[PDB]
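# Fold and geometry: a report
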Amino acid sequence: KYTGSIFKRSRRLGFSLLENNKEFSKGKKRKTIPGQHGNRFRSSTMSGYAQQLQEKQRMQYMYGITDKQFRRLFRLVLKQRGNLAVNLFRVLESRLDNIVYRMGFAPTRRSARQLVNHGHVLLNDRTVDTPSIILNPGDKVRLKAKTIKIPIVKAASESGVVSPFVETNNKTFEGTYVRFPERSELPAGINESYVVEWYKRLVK
Amino acid sequence: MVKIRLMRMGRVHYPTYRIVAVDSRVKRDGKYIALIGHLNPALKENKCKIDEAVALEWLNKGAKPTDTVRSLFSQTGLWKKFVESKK
Amino acid sequence: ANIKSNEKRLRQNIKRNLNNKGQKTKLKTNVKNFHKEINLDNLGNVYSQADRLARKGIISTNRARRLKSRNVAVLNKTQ
Amino acid sequence: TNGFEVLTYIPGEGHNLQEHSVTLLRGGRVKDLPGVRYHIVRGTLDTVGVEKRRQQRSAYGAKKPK
RNA sequence: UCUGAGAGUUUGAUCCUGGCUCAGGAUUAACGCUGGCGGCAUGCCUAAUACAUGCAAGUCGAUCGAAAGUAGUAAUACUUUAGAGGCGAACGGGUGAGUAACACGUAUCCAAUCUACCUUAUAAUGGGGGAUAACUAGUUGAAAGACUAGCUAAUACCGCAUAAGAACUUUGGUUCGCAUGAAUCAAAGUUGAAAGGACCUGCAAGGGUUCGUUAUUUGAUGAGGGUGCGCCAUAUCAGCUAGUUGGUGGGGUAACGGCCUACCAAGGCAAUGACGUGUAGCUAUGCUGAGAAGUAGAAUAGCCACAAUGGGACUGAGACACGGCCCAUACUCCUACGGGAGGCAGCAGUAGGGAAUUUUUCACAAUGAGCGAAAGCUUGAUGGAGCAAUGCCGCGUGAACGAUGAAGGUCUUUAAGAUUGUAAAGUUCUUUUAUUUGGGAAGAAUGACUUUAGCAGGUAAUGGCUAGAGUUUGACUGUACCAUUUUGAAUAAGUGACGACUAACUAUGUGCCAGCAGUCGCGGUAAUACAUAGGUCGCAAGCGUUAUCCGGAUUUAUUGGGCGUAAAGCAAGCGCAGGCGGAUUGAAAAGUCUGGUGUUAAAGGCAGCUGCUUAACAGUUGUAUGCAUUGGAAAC
Ligand SMILES: [Mg+2]
Ligand SMILES: [Mg+2]
Ligand SMILES: [Mg+2]
Ligand SMILES: [Mg+2]
Ligand SMILES: [Mg+2]
Ligand SMILES: [Mg+2]
Ligand SMILES: [Mg+2]
Ligand SMILES: [Mg+2]
Ligand SMILES: [Mg+2]
Ligand SMILES: [Mg+2]
Ligand SMILES: [Mg+2]
Ligand SMILES: [Mg+2]
Ligand SMILES: [Mg+2]
Ligand SMILES: [Mg+2]
Ligand SMILES: [Mg+2]
Ligand SMILES: [Mg+2]
Ligand SMILES: [Mg+2]
Ligand SMILES: [Mg+2]
Ligand SMILES: [Mg+2]
Ligand SMILES: [Mg+2]
Ligand SMILES: [Mg+2]
Ligand SMILES: [Mg+2]
Ligand SMILES: [Mg+2]
Ligand SMILES: [Mg+2]
Ligand SMILES: [Mg+2]
Ligand SMILES: [Mg+2]
Ligand SMILES: [Mg+2]
Ligand SMILES: [Mg+2]
Ligand SMILES: [Mg+2]
Ligand SMILES: [Mg+2]
Ligand SMILES: [Mg+2]
Ligand SMILES: [Mg+2]
Ligand SMILES: [Mg+2]
Ligand SMILES: [Mg+2]
Ligand SMILES: [Mg+2]
Ligand SMILES: [Mg+2]
């Protein structure tokens, strides 16, 4: 369950999946809002609601998340101790298929989600099929063995390009993760904290 | 005629009982008098977290247990304590 | 729409009612005889019948007690 | 079905009402006509739906063109 | 350590008062369009309307006579139950009609009470009698049945002998109390019980275990009563009440009581709201709110009331008894016309009402209930399985590569061009889902019972206790789930909106017509508001519209508003009751503050943790508020 026009959505929001693969393309290098009414005036002065909605949509499309799941996670995180601007970021980044992407065994986040749903991924001491499990740094998320021989495993095992917050112990595909991602590892695609306030208003 | 017996507070396909001192004529999963201790059929080990104090008080008062309750008192050894306190 | 247990209980309680009514009427006539011709002898019979009925449960034991107490009060007042 | 007679606006272009039919009213309020405070659900009972409509048809009771 | 967002709309334009509308949640929801699956949970809100049909409380032969069947030459063995008897049918299940009050919540007093089975402890379980079910025969009938005469049995019933202790009194003592009045004696008088069964041993006599019975004793649970406080609207309801208020004697009730009775009195409540009318089951809680609080009393749990309507009563520890009894009313049905049968607000299900809410199912396998020693039996309680996107949560319609651009559509900045658009075509890959193959649980990680070993009381034997073995038991169930099992992107996307609030615009057609609208308001021949198309935006197995509730609304303002000109100071005065009130001292402690104790059922809320692939969900620990009592503080 996801959109099939990630190019269109990236062109609208202006922010791709941090690689600009859906912006560079092989044609026209288009960086405009889609549709016929893309090259018009009235660019800035987006309302507060408009910019909050745009940022929230970018955040919840960067990971393939349904808004109801977003409300659920926010209601989960909100009650604890206090200012959790360091906790809810870990909460949002701890997705299993997201961790598979930052592991580097799939070309794209939703392709990793498809593999997770199809059951080519294991866990610390169990197996996981649902691509929404909340993880905690310390679990040995070891990859499957019968999926290392599939005709599409090359770019999967080419994980030498990896994020520093996912440690694989290369050539062993152990793929654990410690040293939670910082705002540096969460790039400028969405780096704002009043989406938190928007969900505070629209969710008690 | 209080009767130490079980009471279900689980969900569909997952029972969970509580040993409790309750009257004979009151319905199952209703109002009770004193709580003894919970129990899970699939707790593997220590399936009955027993109290051993107010339970002994109520059997001394004259509570009549059930088959399952007597069994639970038995594996832990509460039946021995009751019989020796009777003697 | 009927139960054999209920029917049997009805058939039993008819006979039980007959016997108990006989006993209660005997008690009534004995206490009436006592009050009619007051005499310390009849108080013993009142005692016996009331106690027997109270044990059998035909009469309420507390009513038997009050009957005994009031008859003894009458006897003590008159003597 | 109760004993109250109400003036109800038929929300559509063209109707099959024949001065004697069974309709299913819902709440609403047309601003132009004073006294009218109900609408007729289209295409649920004896009253036929609104064909020749592809936009916002789910409100007017029109089968999907497919 | 709590903790609160606003905007549109009166005017040529502005400020304020002020009403309307919207942005957010939620439901026992319904409707339109569409629709793939799983985990939890919910599912006649209306006609307490009427019900076809099938099931929903029985059990014990180790209480008793008889009868039947299978074996046996017989004596007899085994099995079964129509009937008597015991226990249970007052639990459990449903509904919310009635009820505005001790109905309910809370705190209490029952010196004014009951309590079967259960717990502890303590004496007995001796001996007789008369009957009737079942059966036999006759009358009456198709049968239900009914009537009459005989025959039996007991743990059915009625006497008698006997009271360790009981109940009611007498005599004086004790300790007293809260006014009636309770508590304990020492002696005496009167009254008062029952039943045996199973098994073992013993030649017998006798002895023994166990179940059960009578009379008591201790608690505990359960039931009942009284009182203080809290608990709807309405004065466009001002008087209501004659068993109503009080006293004396008696009766009745488990108990006090005008509860009832006969006599004597005239009192009782009421403006601090009687009474009348309307409405409603109450509460823990659900939803909402920053809070004070608003609103509904889904599911479930506590209590109350009801069982077609209205009365009465038997049995019983307990009923004035949903599927017990008697009578009347209304209705339906059967008849061979004399007579009868009936109560789904129990589980499914039918008709009807409605916008609308499901199988005419399986199993007692676990939990619980009743009977029983067990075998077991019964359990529409209960556990499952069907149906339904009804709600929350979860997963899918694919993945990589792929034209500075396939076709088609829409705009053409009248060749060029954009846009849909890596979207597509095409090359490879996977199978949550789908279709075959193999394996396959969790709950029954319990259990009752029976042969064993050991301890254990008494011992001369049997029962109870622990360990092992066995029968071991599944509706779900060949189900959840698992595996390199064959095939294959194959089996899966809709709905609303785009002038502003509010993220998102062009063309065609119509031309104050057809139509839209939550508000401002669009449409009079150049419509981004109508209808269609394209494009785009918000959500997504759901999306919109409708209804209701809360918030925003400081818009009934205690927290938290006002009355010169915007709604609002009575025309003015004399003023009872009420509210408020100068300064100082003393006492008490009704308000106020604080310590201890009891309680405020469980579930629900918040915090922590565990288990379901994480969640929803389940479980577990902690977590307040008020009332009462007792002990202090003395500023107001
Ligand atoms: Mg104007
Ligand atoms: Mg109803
Ligand atoms: Mg029988
Ligand atoms: Mg009942
Ligand atoms: Mg129920
Ligand atoms: Mg009502
Ligand atoms: Mg009894
Ligand atoms: Mg005899
Ligand atoms: Mg007898
Ligand atoms: Mg005698
Ligand atoms: Mg508020
Ligand atoms: Mg309820
Ligand atoms: Mg209801
Ligand atoms: Mg009826
Ligand atoms: Mg009786
Ligand atoms: Mg019935
Ligand atoms: Mg009954
Ligand atoms: Mg039914
Ligand atoms: Mg069962
Ligand atoms: Mg659903
Ligand atoms: Mg979902
Ligand atoms: Mg073209
Ligand atoms: Mg693609
Ligand atoms: Mg098993
Ligand atoms: Mg429209
Ligand atoms: Mg339009
Ligand atoms: Mg308000
Ligand atoms: Mg309002
Ligand atoms: Mg004002
Ligand atoms: Mg004025
Ligand atoms: Mg004036
Ligand atoms: Mg004036
Ligand atoms: Mg004056
Ligand atoms: Mg005054
Ligand atoms: Mg509680
Ligand atoms: Mg919970």
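Residues numbered from 1 in each chain as written, not as in the entry; some residues may be left out. Chains lettered and ligands numbered in written order. Part of a larger assembly, values for the part shown. Heavy atoms only, no water.

- If you check the header, you'll see the entry was determined by cryo-EM and the resolution is listed as 3.2 Å.

## Side note on a nonpolar patch on the surface
- Nonpolar side chains collect at one region of the surface, where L10, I14 and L18 of chain C lie side by side and expose about 290 Å² of accessible area between them.
- Along the polypeptide, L10 of chain C turns up in helix α1 (residues 4-36). (Patch = residues over 30% accessible without salt bridge, like charges linked within 9 Å, V, L, I, M, F, W, Y side chains within 5 Å. Areas by Shrake-Rupley, 256 points an atom, 1.4 Å probe, with all protein chains shown as cover. Salt bridge = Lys/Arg side-chain N within 4 Å of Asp/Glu carboxyl O. Helix = DSSP H or I, 4+ residues; strand = E, 2+ residues; numbered from the N terminus.)

## A few points about the environment of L135 of chain A
Residue and element names in this part refer to chain A.
- With respect to the element layout, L135 can be found in the loop between α7 (109-118) and α8 (154-157).
- Sequence separation between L135 and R90 is 45 residues, and the spatial gap between their C-alpha atoms is 9.4 Å.
- Discounting residues that sit within four places of it in the chain, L135 has contacts with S94, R95, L96, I99, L123 and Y177. (Contact = heavy atoms within 4.5 Å.)

## Quick look at the protein's contact with RNA strand E
- Lining the immediate environment of RNA strand E, one finds 155 residues, of which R11 and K56 of chain A, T68 and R70 of chain B together with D32 of chain D sit closest.
- Per the 4 Å cut-off to the protein, sugar and phosphate atoms form 82% of the nearby atoms of RNA strand E.
- The backbone of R25 of chain B places a nitrogen or oxygen atom 2.8 Å from a sugar or linking oxygen of RNA strand E.
- With 11 residues, the single largest contributor to the surface near RNA strand E is α1 of chain C.
- Per-class residue counts for the surface near RNA strand E are 38 nonpolar, 53 polar and 64 charged. (Near = heavy atom within 4 Å. Polar contact = N/O pair within 3.5 Å; in protein donor to acceptor, adjacent residues only side chain to side chain. Nonpolar A, V, L, I, M, F, W, Y, C, P; charged D, E, K, R; others polar.)

## A few points about the sheet that holds strand β3 (residues 34-39) of chain B
Residues and elements named next belong to chain B.
- Strands sit in the order β1-β2-β3 across an open sheet of 3 strands; the sheet is antiparallel. Edge positions in the sheet fall to β1 (2-5) and β3, since each of these pairs with one other strand and no more. Shown here is a sheet whose adjacent strand axes are inclined to one another by a mean of 15°, direction ignored.
- Packing of helix α1 (residues 54-61) onto the sheet brings it into contact with β1, β2 (17-23) and β3, and relative to β3 it is tilted by some 125°. (Pairing = 2+ DSSP bridges. Axes fitted to C-alpha atoms, helices over the stretch in contact; angles between N-to-C directions.)

## Overview of the packing of helix α3 (residues 48-62) of chain A against helix α9 (residues 194-202) of chain A
All names here are of chain A.
- Between α3 and α9, whose axes approach to 9 Å, the crossing angle comes to 105°. Between α3 and α9, the angle is such that the two are roughly perpendicular. Within the contact between the two elements, α3 uses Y49, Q51, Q52, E55 and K56 and α9 uses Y194, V195, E197, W198 and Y199. (Parallel < 35°, antiparallel > 145°, perpendicular 65-115°, else oblique.)

## Side note on unusual backbone geometry
- A positive phi angle, near 80°, is found at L18 of chain A, a position not held by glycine.
- What makes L18 of chain A partly exposed here is its relative accessible area of 43%.
- Phi at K66 of chain D takes a positive value of approximately 55°, unusual for a residue other than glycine.
- Examined against the element boundaries, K66 of chain D turns out to sit in the segment after α1 (57-60). (Buried < 20%, exposed > 50% of the residue type's maximum accessible area, 1.4 Å probe, protein only.)

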